[PDB]
Number of protein chains: 2
Amino acid sequence: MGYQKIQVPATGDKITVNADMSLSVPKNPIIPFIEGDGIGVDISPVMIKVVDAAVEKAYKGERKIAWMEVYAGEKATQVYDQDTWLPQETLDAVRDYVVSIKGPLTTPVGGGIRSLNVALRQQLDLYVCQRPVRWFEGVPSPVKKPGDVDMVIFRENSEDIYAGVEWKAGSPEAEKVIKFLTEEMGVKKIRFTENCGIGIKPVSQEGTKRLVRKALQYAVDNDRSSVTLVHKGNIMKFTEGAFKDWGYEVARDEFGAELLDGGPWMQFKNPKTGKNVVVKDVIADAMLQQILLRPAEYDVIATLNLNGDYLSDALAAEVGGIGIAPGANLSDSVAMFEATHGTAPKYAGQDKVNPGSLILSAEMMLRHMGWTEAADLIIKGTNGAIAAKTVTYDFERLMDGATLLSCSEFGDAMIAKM
Amino acid sequence: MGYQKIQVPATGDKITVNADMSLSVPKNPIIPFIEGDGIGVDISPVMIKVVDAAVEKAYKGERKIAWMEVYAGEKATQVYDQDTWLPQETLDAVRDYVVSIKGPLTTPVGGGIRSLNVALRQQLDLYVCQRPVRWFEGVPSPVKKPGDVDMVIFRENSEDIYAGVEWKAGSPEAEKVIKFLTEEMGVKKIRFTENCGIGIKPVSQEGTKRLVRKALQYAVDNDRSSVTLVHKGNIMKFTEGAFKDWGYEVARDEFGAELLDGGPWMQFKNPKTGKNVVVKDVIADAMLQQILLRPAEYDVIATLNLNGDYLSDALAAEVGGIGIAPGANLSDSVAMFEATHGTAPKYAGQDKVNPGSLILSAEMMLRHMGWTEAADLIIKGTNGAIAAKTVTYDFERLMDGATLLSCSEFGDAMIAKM
């Protein structure tokens with residue numbers, strides 16, 4: 001409930017969730033969107049227009065998005081009470097309406113928080129962190145063959161050392177944990193027990209299997225070639241090692257994966273395309289080498305929080321796509337797509353920053369709704385504008401003979417290329 | 001004090017450690033060396049000659065190394081009892097003679113010692129893992145400008161998750177630590193309490209400062225432009241974040257660093273040059289991007305175990321130097337330089353593999369003894385041979401118009417161009 005600030009589109013309808021979490025998407029769906037703080041005023045209108053253009057050229061009016069504006073961050077406090085940085089009404093709107101997109105958000109001053117995005121993650125139980133990575137023709141890249149990178153990283157976001165369970169060194173909290181470890185557990189292998197900060201790395205079967213289960217289903221829902229379990233399990237047998245083993249179980253149990261000629265890898269055939277998927281694993285630090293030497297050999301990646309973070313950032317720099325990084329945070333059904341950059345307060349409203357991040361994360365949204373034809377138009381429009389060197393300042397700094405475009409202008413350049 | 005199977009050089013002298021942590025290097029130092037198993041027979045003799053050539057060519061007879069052979073690994077089982085893969089006498093020679101060089105050793109076995117190298121690092125208090133990385137002219141690289149990489153990574157290797165403090169999921173020990181964490185510590189940030197593997201991440205003050213200290217002094221003993229503390233502290237304030245702050249403390253404490261241009265970074269000045277050194281910090285996942293985009297702005301790196309592992313692997317692939325990676329493990333005084341690749345059993349004794357790894361780790365040894373000129377001769381000879389296209393099989397197969405050389409001849413090719 002809380003239907004007092006959301007103005008539900010009249011010509012809109014709801015996206016719905018059925019068995020297998022498949023999605024029935026009407027041609028006039030309601031998509032909640034959060035404008036985002038700071039430069040959110042700039043990129044979100046451009047996004048809506050670019051998406052509206054792409055949907056409009058692919059289907060010619062048959063399909064159309066009923067944009068509904070929900071509120072979060074500093075705007076929600078000016079729309080809600082000053083205490084409601086994150087309205088329950090907003091959360092109901094994202095839960096009742098499966099799909100939604102959001103821009104960057106300010107962090108509330110002080111408090112037990114350093115991000116509002118984490119507040120949404122915690123409160124909606126968003127445990128997958130999707131981050132596709134590819135090269136766009138014309139983007140300056142530091143590697144000789146950036147076009148060989150075409151991966152989707154599925155990163156767990158509820159577990160691992162990022163949970164935040166940690167205690168300061170030299171603190172009574174730490175000593176009670178440290179001595180408990182050395183007294184009752186027989187913990188050795190610690191080199192310095194005094195003035196020692198401690199952290200906990202939890203990796204469960206549920207949190208592990210619901211990630212790989214999402215990563216595998218994306219491999220068949222999009223007809224991808226392989227799924228890789230990235231892990232540092234040879235040194236952490238029971239967390240990252242347990243992640244791998246649990247990951248291999250899901251493939252065997254819930255997708256019909258057989259041992260490929262004796263393992264350690266597995267493979268099954270897509271039930272809806274007949275193509276041979278592969279389920280393999282790679283050691284984390286080795287993976288960082290592989291993406292430089294043989295990136296063409298990897299497609300979908302399933303990994304833990306820390307590994308996914310380091311791996312996605314490395315790939316982003318590899319394709320010169322740091323500033324245009326698409327991203328999505330998923331639950332069992334809820335799917336929230338986001339721009340990965342900050343709010344950039346100093347440029348707010350000035351129509352300068354790059355909307356590519358939010359635009360491409362919107363391409364994920366369309367891809368996730370089955371509207372792959374509209375999504376391809378966003379990709380084509382992206383390749384077009386960048387190849388033409390009509391880009392925002394961030395790219396113009398790195399190109400020779402480039403044309404500076406504003407945020408809205410760059411969006412229009414995309415629309416003209418699709 | 002042991003003297004059973006070891007023959008002390010007659011013309012040898014001993015390296016000593018005095019106050020001020022300085023290293024006393026005489027005119028004829030004694031260097032223990034382990035030949036290493038497998039392909040150790042190939043690279044170690046080639047190394048000894050190349051070092052001998054550099055020492056006497058750099059210094060016209062003034063200096064010469066008295067090579068003393070200590071035993072470890074398989075050969076230690078034939079010269080000693082066949083059960084003593086690691087003689088206690090060997091450790092005495094490395095501790096009394098702080099400097100020493102080492103070949104590859106067999107690793108797999110997963111006993112409470114996962115390798116023989118860990119037995120050395122644990123029984124010798126080796127807490128620094130030095131790995132210089134640079135590009136050599138002509139080496140095939142996956143990046144456009146490999147020459148911009150010229151870094152030295154200081155990686156802690158005694159602490160962090162790599163300690164091995166972990167408990168299996170669904171195990172009474174796990175439930176015992178969990179039910180202790182969730183009940184007595186009030187931990188609620190864990191998402192799945194059942195079937196959950198746990199690991200402990202310890203980062204102490206002493207273990208942190210003795211790395212950053214050895215990292216800072218290397219910056220002054222070799223006049224490197226800056227030292228960067230790589231950390232994931234924005235999410236782990238009490239472990240990685242505490243590593244950051246502790247690292248900045250050392251700068252104020254034992255090197256005289258004061259803030260610059262409003263911080264957060266810092267600057268001091270070596271008493272050897274007076275040129276303005278910089279002590280900065282970068283977030284780990286951002287660092288993986290920086291080494292691809294702006295590698296020219298980083299020189300010496302001090303970081304944690306896991307980060308250092310990922311960072312060194314990324315740089316190695318970046319310069320095409322995976323197979324020729326020099327490495328050293330250091331203590332307060334004990335310094336053991338080693339080849340970083342495996343034993344390559346199939347290739348043992350056949351005089352094929354690349355000795356660049358052991359040769360370049362010997363360049364560190366010379367650099368560490370103050371013999372910077374002899375160390376430079378090995379570098380000059382390395383660029384020459386590689387630029388000259390006289391290379392071993394590993395490089396020959398990836399180059400066009402390349403000359404196949406064996407291991408021993410490649411060593412001679414270096415000497416002929418220093």
# chains A, B, ... in the order shown; residues from 1 in each chain; ligands from 1
call {"tool": "interface_residues", "arguments": {"of": "chain B", "to": "chain A", "cutoff": "6 Å", "atoms": "only C-alpha atoms", "output": "list in words"}}
result
residues 142, 143, 144, 163, 168, 189, 192, 195, 196, 197, 198, 199, 200, 201, 202, 203, 204, 205, 238, 239, 285, 288, 289, 310, 314 and 317 of chain B
call {"tool": "residues_around", "arguments": {"residues": "region 371-374 of chain B", "least_positions_apart": "4", "cutoff": "6 Å", "atoms": "only C-alpha atoms", "output": "ChimeraX atom specification"}}
result
/B:54-55,58,366-367
call {"tool": "write_last_selection", "arguments": {"atoms": "C-alpha atoms", "output": "compact mmCIF listing (two decimals), in the first residue's frame"}}
result
# COMPACT_ATOMS: atom_id res chain seq x y z
CA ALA B 54 77.47 -9.43 -14.31
CA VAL B 55 79.29 -9.17 -10.97
CA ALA B 58 80.09 -4.51 -13.52
CA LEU B 366 71.98 -7.99 -6.67
CA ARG B 367 69.74 -4.92 -6.36
call {"tool": "atom_distance", "arguments": {"atom1": "CA of residue 262 (chain B)", "atom2": "CA of residue 283 (chain B)"}}
result
19.0 Å
call {"tool": "residues_around", "arguments": {"residues": "residue 273 (chain B)", "least_positions_apart": "4", "cutoff": "9 Å", "atoms": "only C-alpha atoms", "output": "PyMOL selection string"}}
result
chain B and resi 220+223+269
call {"tool": "select_by_dssp", "arguments": {"residues": "region 117-233 of chain A", "states": "helix (DSSP H, G or I)", "output": "JSON, numbers by chain"}}
result
{"A": [117, 118, 119, 120, 121, 122, 123, 124, 146, 147, 148, 160, 161, 162, 163, 172, 173, 174, 175, 176, 177, 178, 179, 180, 181, 182, 183, 205, 206, 207, 208, 209, 210, 211, 212, 213, 214, 215, 216, 217, 218, 219, 220, 221]}
call {"tool": "select_by_dssp", "arguments": {"residues": "region 303-406 of chain B", "states": "strand (DSSP E or B)", "output": "ChimeraX atom specification"}}
result
/B:303,326-330,335-339,390-391,403-404
call {"tool": "write_last_selection", "arguments": {"atoms": "N, CA, C and O atoms", "output": "PDB file, in the first residue's frame"}}
result
ATOM      1  N   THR B 303      50.395  -3.668  -0.685  1.00  0.00           N
ATOM      2  CA  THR B 303      49.009  -4.116  -0.664  1.00  0.00           C
ATOM      3  C   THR B 303      48.921  -5.410   0.135  1.00  0.00           C
ATOM      4  O   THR B 303      49.920  -5.915   0.653  1.00  0.00           O
ATOM      5  N   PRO B 326      59.946 -12.552 -12.083  1.00  0.00           N
ATOM      6  CA  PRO B 326      60.815 -12.646 -10.906  1.00  0.00           C
ATOM      7  C   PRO B 326      60.027 -12.470  -9.618  1.00  0.00           C
ATOM      8  O   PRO B 326      58.970 -11.838  -9.586  1.00  0.00           O
ATOM      9  N   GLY B 327      60.558 -13.049  -8.546  1.00  0.00           N
ATOM     10  CA  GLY B 327      59.877 -13.012  -7.265  1.00  0.00           C
ATOM     11  C   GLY B 327      60.835 -13.241  -6.128  1.00  0.00           C
ATOM     12  O   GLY B 327      61.876 -13.889  -6.285  1.00  0.00           O
ATOM     13  N   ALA B 328      60.486 -12.699  -4.961  1.00  0.00           N
ATOM     14  CA  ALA B 328      61.283 -12.865  -3.757  1.00  0.00           C
ATOM     15  C   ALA B 328      60.364 -12.864  -2.546  1.00  0.00           C
ATOM     16  O   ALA B 328      59.321 -12.205  -2.540  1.00  0.00           O
ATOM     17  N   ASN B 329      60.765 -13.608  -1.518  1.00  0.00           N
ATOM     18  CA  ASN B 329      60.066 -13.627  -0.240  1.00  0.00           C
ATOM     19  C   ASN B 329      61.040 -13.178   0.840  1.00  0.00           C
ATOM     20  O   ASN B 329      62.105 -13.781   1.008  1.00  0.00           O
ATOM     21  N   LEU B 330      60.673 -12.124   1.564  1.00  0.00           N
ATOM     22  CA  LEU B 330      61.570 -11.457   2.492  1.00  0.00           C
ATOM     23  C   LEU B 330      60.996 -11.486   3.901  1.00  0.00           C
ATOM     24  O   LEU B 330      59.786 -11.616   4.105  1.00  0.00           O
ATOM     25  N   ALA B 335      66.158 -12.907   3.182  1.00  0.00           N
ATOM     26  CA  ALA B 335      65.715 -12.612   1.822  1.00  0.00           C
ATOM     27  C   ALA B 335      65.970 -13.828   0.943  1.00  0.00           C
ATOM     28  O   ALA B 335      67.127 -14.200   0.717  1.00  0.00           O
ATOM     29  N   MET B 336      64.902 -14.443   0.445  1.00  0.00           N
ATOM     30  CA  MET B 336      65.003 -15.619  -0.412  1.00  0.00           C
ATOM     31  C   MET B 336      64.387 -15.297  -1.764  1.00  0.00           C
ATOM     32  O   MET B 336      63.178 -15.061  -1.860  1.00  0.00           O
ATOM     33  N   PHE B 337      65.217 -15.296  -2.798  1.00  0.00           N
ATOM     34  CA  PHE B 337      64.784 -15.001  -4.153  1.00  0.00           C
ATOM     35  C   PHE B 337      64.560 -16.313  -4.890  1.00  0.00           C
ATOM     36  O   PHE B 337      65.292 -17.286  -4.683  1.00  0.00           O
ATOM     37  N   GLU B 338      63.540 -16.343  -5.745  1.00  0.00           N
ATOM     38  CA  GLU B 338      63.059 -17.607  -6.281  1.00  0.00           C
ATOM     39  C   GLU B 338      62.528 -17.415  -7.692  1.00  0.00           C
ATOM     40  O   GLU B 338      62.199 -16.302  -8.113  1.00  0.00           O
ATOM     41  N   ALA B 339      62.451 -18.526  -8.420  1.00  0.00           N
ATOM     42  CA  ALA B 339      61.677 -18.580  -9.650  1.00  0.00           C
ATOM     43  C   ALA B 339      60.205 -18.785  -9.320  1.00  0.00           C
ATOM     44  O   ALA B 339      59.854 -19.578  -8.443  1.00  0.00           O
ATOM     45  N   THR B 390      66.812 -13.380 -29.893  1.00  0.00           N
ATOM     46  CA  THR B 390      67.428 -14.639 -29.481  1.00  0.00           C
ATOM     47  C   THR B 390      66.736 -15.064 -28.191  1.00  0.00           C
ATOM     48  O   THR B 390      67.049 -14.555 -27.113  1.00  0.00           O
ATOM     49  N   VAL B 391      65.787 -15.997 -28.300  1.00  0.00           N
ATOM     50  CA  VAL B 391      64.863 -16.292 -27.213  1.00  0.00           C
ATOM     51  C   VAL B 391      64.664 -17.799 -27.101  1.00  0.00           C
ATOM     52  O   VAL B 391      65.036 -18.570 -27.987  1.00  0.00           O
ATOM     53  N   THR B 403      64.505 -16.503 -33.405  1.00  0.00           N
ATOM     54  CA  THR B 403      65.598 -17.466 -33.391  1.00  0.00           C
ATOM     55  C   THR B 403      65.456 -18.356 -32.163  1.00  0.00           C
ATOM     56  O   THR B 403      65.474 -17.861 -31.030  1.00  0.00           O
ATOM     57  N   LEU B 404      65.319 -19.661 -32.386  1.00  0.00           N
ATOM     58  CA  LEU B 404      65.177 -20.599 -31.280  1.00  0.00           C
ATOM     59  C   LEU B 404      66.518 -20.805 -30.586  1.00  0.00           C
ATOM     60  O   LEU B 404      67.500 -21.202 -31.222  1.00  0.00           O
TER      61      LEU B 404
END
call {"tool": "atom_distance", "arguments": {"atom1": "CA of residue 153 (chain B)", "atom2": "CA of residue 385 (chain B)"}}
result
25.2 Å
call {"tool": "closest_residue", "arguments": {"among": "A:25, A:387, A:34, A:278", "to": "residue 75 (chain A)", "atoms": "only C-alpha atoms"}}
result
A:34
call {"tool": "residues_around", "arguments": {"residues": "residue 8 (chain A)", "least_positions_apart": "4", "cutoff": "10 Å", "atoms": "only C-alpha atoms", "output": "number ranges by chain"}}
result
A: 3, 12-13, 30, 32, 66-70, 93
call {"tool": "write_last_selection", "arguments": {"atoms": "C-alpha atoms", "output": "CSV table (one decimal), in the first residue's frame"}}
result
chain,number,residue,atom,x,y,z
A,3,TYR,CA,-0.9,4.7,-3.1
A,12,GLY,CA,-0.6,1.2,-18.3
A,13,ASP,CA,-0.7,-2.5,-17.3
A,30,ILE,CA,4.2,0.2,-16.6
A,32,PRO,CA,8.6,2.5,-12.5
A,66,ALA,CA,3.9,3.7,-19.5
A,67,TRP,CA,6.5,5.5,-17.5
A,68,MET,CA,5.6,5.9,-13.8
A,69,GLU,CA,7.8,8.0,-11.6
A,70,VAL,CA,8.6,6.7,-8.1
A,93,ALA,CA,5.9,0.1,-6.5
call {"tool": "residues_around", "arguments": {"residues": "residue 56 (chain B)", "least_positions_apart": "6", "cutoff": "10 Å", "atoms": "only C-alpha atoms", "output": "PyMOL selection string"}}
result
chain B and resi 62-65+374
call {"tool": "atom_distance", "arguments": {"atom1": "CA of residue 45 (chain A)", "atom2": "CA of residue 355 (chain A)"}}
result
9.6 Å
call {"tool": "residues_around", "arguments": {"residues": "region 375-382 of chain A", "least_positions_apart": "4", "cutoff": "12 Å", "atoms": "only C-alpha atoms", "output": "number ranges by chain"}}
result
A: 47-59, 134-139, 324, 355-371, 386-391, 410-418
call {"tool": "residues_around", "arguments": {"residues": "residue 210 (chain A)", "least_positions_apart": "5", "cutoff": "9 Å", "atoms": "only C-alpha atoms", "output": "PDB file with N, CA, C and O atoms, in the first residue's frame"}}
result
ATOM      1  N   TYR A 127      20.009 -10.043  -4.827  1.00  0.00           N
ATOM      2  CA  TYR A 127      21.193 -10.856  -4.599  1.00  0.00           C
ATOM      3  C   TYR A 127      22.010 -11.138  -5.852  1.00  0.00           C
ATOM      4  O   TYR A 127      23.110 -11.689  -5.735  1.00  0.00           O
ATOM      5  N   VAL A 128      21.517 -10.785  -7.037  1.00  0.00           N
ATOM      6  CA  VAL A 128      22.289 -10.878  -8.271  1.00  0.00           C
ATOM      7  C   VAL A 128      22.688  -9.470  -8.689  1.00  0.00           C
ATOM      8  O   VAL A 128      21.905  -8.524  -8.550  1.00  0.00           O
ATOM      9  N   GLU A 156      27.169 -12.303  -7.091  1.00  0.00           N
ATOM     10  CA  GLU A 156      26.390 -12.371  -5.863  1.00  0.00           C
ATOM     11  C   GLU A 156      26.622 -11.103  -5.053  1.00  0.00           C
ATOM     12  O   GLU A 156      27.739 -10.582  -5.000  1.00  0.00           O
ATOM     13  N   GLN A 205      24.845 -22.206   0.846  1.00  0.00           N
ATOM     14  CA  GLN A 205      24.351 -22.948  -0.306  1.00  0.00           C
ATOM     15  C   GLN A 205      23.185 -22.224  -0.967  1.00  0.00           C
ATOM     16  O   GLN A 205      23.110 -22.158  -2.199  1.00  0.00           O
ATOM     17  N   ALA A 215      22.261 -17.286 -13.185  1.00  0.00           N
ATOM     18  CA  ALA A 215      23.254 -17.194 -14.251  1.00  0.00           C
ATOM     19  C   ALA A 215      23.010 -18.245 -15.325  1.00  0.00           C
ATOM     20  O   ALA A 215      23.137 -17.960 -16.522  1.00  0.00           O
ATOM     21  N   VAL A 250      23.958 -27.230  -9.117  1.00  0.00           N
ATOM     22  CA  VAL A 250      22.786 -26.607  -9.730  1.00  0.00           C
ATOM     23  C   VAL A 250      22.689 -26.982 -11.203  1.00  0.00           C
ATOM     24  O   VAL A 250      21.607 -27.304 -11.710  1.00  0.00           O
ATOM     25  N   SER A 331      16.398  -9.955  -7.952  1.00  0.00           N
ATOM     26  CA  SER A 331      15.986 -10.886  -6.910  1.00  0.00           C
ATOM     27  C   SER A 331      15.339 -12.092  -7.571  1.00  0.00           C
ATOM     28  O   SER A 331      15.587 -12.363  -8.749  1.00  0.00           O
ATOM     29  N   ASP A 332      14.513 -12.826  -6.825  1.00  0.00           N
ATOM     30  CA  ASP A 332      13.768 -13.922  -7.431  1.00  0.00           C
ATOM     31  C   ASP A 332      12.943 -13.431  -8.613  1.00  0.00           C
ATOM     32  O   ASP A 332      12.818 -14.131  -9.624  1.00  0.00           O
TER      33      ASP A 332
END
